[PDB]
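> Handing you this structure, nothing more for now.
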Amino acid sequence: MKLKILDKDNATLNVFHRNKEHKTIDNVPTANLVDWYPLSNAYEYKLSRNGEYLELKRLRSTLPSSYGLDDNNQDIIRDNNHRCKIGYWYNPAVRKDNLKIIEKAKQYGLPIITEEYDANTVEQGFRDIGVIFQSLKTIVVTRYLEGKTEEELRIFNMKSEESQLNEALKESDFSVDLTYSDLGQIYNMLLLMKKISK
Amino acid sequence: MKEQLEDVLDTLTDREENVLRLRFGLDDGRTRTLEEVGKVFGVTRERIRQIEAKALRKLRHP
């Protein structure tokens, strides 16, 4: 799945179909992406057997479930409220979860794709999400260091800041996982906004 | 290699391109560890590394 934003109003979408074949759909509207485009890094669209629909596929990932698809179950995949009819550009499941993500971003002081924005405000949003990532990387090691409070902290502390951050992240709680999932989807949103506002 | 990296990203899927944007700090300015990136994608450090390698190989040829 590759969405190319051609200008503020127009995109094309290239998706796998079957065998070695991909299909490119032109005249893809940028206006409504929130209603169709999955923000989750654990999913992407493929072209449906008959070419009318874009259908979700779960990638191999430890990220949380979204859109009511835990893994690839064609009851849900083929179902109308879980896919996007091409040219209609509406996927209720995707829209529903996207909207939670949007509200979260609004709560963090980030600009959102459903309200007005321009290049400057998106750029400021990337500034702010970078700040969130950094603070987060501080908290992750803080929490790991408590756990895991053994006097062998000296061993951990024999590493560089990066190796420490890496080991803490590797070993972290599911809660932390949820924070990074959320932030990844918000990042995807801000990027769609950046591209539309170029 | 801002333009060349961009031409490469154009040949990747949304997911792979965003792995690399995160990694190289193309949007927020901050480069990220393979572990931060892997956490954002729910994949291992190694898978992120393979994506990065794929991109470097594409970056070399045309």
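The way I read the labels, and the way they are meant: chains A, B, ... in the order of the structure tokens, residue 1 as the first residue of every chain, and ligand 1 as the first ligand shown, with later ones counted on from there.
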Residues of chain B within 7 Å of chain A, counting only C-alpha atoms, what are they? List them as a count of residues only.
12
> For stretch 72-85 of chain A, work out the shell of residues within 6 Å, counting only C-alpha atoms and skipping chain neighbours fewer than 4 positions away, then give it as a list in words.
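My list of contacting residues is residues 52, 53, 54, 55, 89, 90, 91, 92 and 93 of chain A.
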> Given the selection you just returned, output its residues as a file containing C-alpha atoms, formatted as an mmCIF file, in the first residue's frame.

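Result file is again.cif:
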data_model
loop_
_atom_site.group_PDB
_atom_site.id
_atom_site.type_symbol
_atom_site.label_atom_id
_atom_site.label_comp_id
_atom_site.auth_asym_id
_atom_site.auth_seq_id
_atom_site.Cartn_x
_atom_site.Cartn_y
_atom_site.Cartn_z
ATOM 1 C CA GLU A 52 -14.578 -2.700 -6.004
ATOM 2 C CA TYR A 53 -13.151 -2.662 -2.455
ATOM 3 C CA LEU A 54 -10.029 -1.899 -0.494
ATOM 4 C CA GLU A 55 -9.715 -4.551 2.208
ATOM 5 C CA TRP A 89 -13.687 6.476 0.499
ATOM 6 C CA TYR A 90 -15.484 5.563 3.724
ATOM 7 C CA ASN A 91 -14.463 2.743 6.111
ATOM 8 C CA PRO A 92 -16.502 2.863 9.400
ATOM 9 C CA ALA A 93 -14.066 0.699 11.474
#
> Among chain B, which residues does DSSP mark as helix (DSSP H, G or I) when it is run on the backbone? Keep the chain and numbering as in the structure and answer as a ChimeraX atom specification.
/B:2-10,14-24,34-41,45-60
> Store the residues of this selection in a file with C-alpha atoms, as a PDB file, in the first residue's frame.

ATOM      1  CA  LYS B   2      17.680  14.823   0.780  1.00  0.00           C
ATOM      2  CA  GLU B   3      16.390  14.540  -2.784  1.00  0.00           C
ATOM      3  CA  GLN B   4      17.804  11.072  -3.434  1.00  0.00           C
ATOM      4  CA  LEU B   5      16.463   9.671  -0.160  1.00  0.00           C
ATOM      5  CA  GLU B   6      13.103  11.130  -1.158  1.00  0.00           C
ATOM      6  CA  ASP B   7      13.168   9.450  -4.580  1.00  0.00           C
ATOM      7  CA  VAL B   8      13.911   6.175  -2.740  1.00  0.00           C
ATOM      8  CA  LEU B   9      11.080   6.693  -0.280  1.00  0.00           C
ATOM      9  CA  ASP B  10       8.763   7.117  -3.256  1.00  0.00           C
ATOM     10  CA  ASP B  14       3.712   3.871   3.274  1.00  0.00           C
ATOM     11  CA  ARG B  15       4.883   1.654   6.163  1.00  0.00           C
ATOM     12  CA  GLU B  16       8.519   1.281   5.022  1.00  0.00           C
ATOM     13  CA  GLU B  17       8.835   4.945   4.130  1.00  0.00           C
ATOM     14  CA  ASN B  18       7.612   5.953   7.571  1.00  0.00           C
ATOM     15  CA  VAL B  19      10.032   3.568   9.252  1.00  0.00           C
ATOM     16  CA  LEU B  20      12.792   5.509   7.507  1.00  0.00           C
ATOM     17  CA  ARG B  21      11.372   8.948   8.134  1.00  0.00           C
ATOM     18  CA  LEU B  22      11.259   8.148  11.870  1.00  0.00           C
ATOM     19  CA  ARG B  23      14.683   6.543  11.808  1.00  0.00           C
ATOM     20  CA  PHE B  24      16.410   9.440  10.077  1.00  0.00           C
ATOM     21  CA  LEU B  34      16.225   1.000  15.891  1.00  0.00           C
ATOM     22  CA  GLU B  35      14.460   0.211  19.143  1.00  0.00           C
ATOM     23  CA  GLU B  36      12.324   3.320  19.266  1.00  0.00           C
ATOM     24  CA  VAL B  37      11.410   2.653  15.642  1.00  0.00           C
ATOM     25  CA  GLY B  38      10.738  -1.037  16.268  1.00  0.00           C
ATOM     26  CA  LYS B  39       8.490  -0.146  19.184  1.00  0.00           C
ATOM     27  CA  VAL B  40       6.495   2.293  17.007  1.00  0.00           C
ATOM     28  CA  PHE B  41       6.043  -0.479  14.481  1.00  0.00           C
ATOM     29  CA  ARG B  45      15.378  -4.029  15.790  1.00  0.00           C
ATOM     30  CA  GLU B  46      16.503  -6.420  13.031  1.00  0.00           C
ATOM     31  CA  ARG B  47      13.447  -5.885  10.798  1.00  0.00           C
ATOM     32  CA  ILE B  48      13.974  -2.128  10.999  1.00  0.00           C
ATOM     33  CA  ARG B  49      17.602  -2.774  10.109  1.00  0.00           C
ATOM     34  CA  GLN B  50      16.554  -4.774   7.007  1.00  0.00           C
ATOM     35  CA  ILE B  51      14.312  -1.946   5.888  1.00  0.00           C
ATOM     36  CA  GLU B  52      17.168   0.519   6.323  1.00  0.00           C
ATOM     37  CA  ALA B  53      19.450  -1.799   4.320  1.00  0.00           C
ATOM     38  CA  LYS B  54      16.895  -2.114   1.511  1.00  0.00           C
ATOM     39  CA  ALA B  55      16.751   1.677   1.328  1.00  0.00           C
ATOM     40  CA  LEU B  56      20.517   2.129   1.308  1.00  0.00           C
ATOM     41  CA  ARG B  57      20.802  -0.408  -1.505  1.00  0.00           C
ATOM     42  CA  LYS B  58      18.154   1.489  -3.480  1.00  0.00           C
ATOM     43  CA  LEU B  59      19.971   4.714  -2.694  1.00  0.00           C
ATOM     44  CA  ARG B  60      23.184   3.440  -4.290  1.00  0.00           C
TER      45      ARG B  60
END
> Could you check which of A:99, A:13, A:136, A:153 is closest to residue A:27, using only C-alpha atoms?
A:13
> Check the DSSP output for the backbone and give back, as a PyMOL selection string, the residues of stretch 32-162 of chain A in strand (DSSP E or B).
chain A and resi 43-47+53-58+66+69+84-85
> Could you tell me how far atom CA of residue B:32 lies from atom CA of residue A:161, in Å and to one decimal?
12.6 Å
> Nearest to residue A:112: which of A:186, A:144, A:58, A:195 is it, counting only C-alpha atoms?
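For residue A:112, the nearest of the given residues is A:186.
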> Report as a list in words all protein, DNA and RNA residues lying within 7 Å of stretch 17-22 of chain A, evaluated on only C-alpha atoms, omitting residues in the same chain fewer than 5 positions from it.
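Here the answer would be residues 46, 47 and 48 of chain A.
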> Work out how far apart atom CA of residue A:33 and atom CA of residue A:57 are and give it in Å to one decimal.
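Computing it gives 17.8 Å between the two atoms.
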> What is the distance, in Å and to one decimal place, between atom CA of residue A:198 and atom CA of residue A:102?
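So the two atoms, atom CA of residue A:198 and atom CA of residue A:102, lie 20.9 Å apart.
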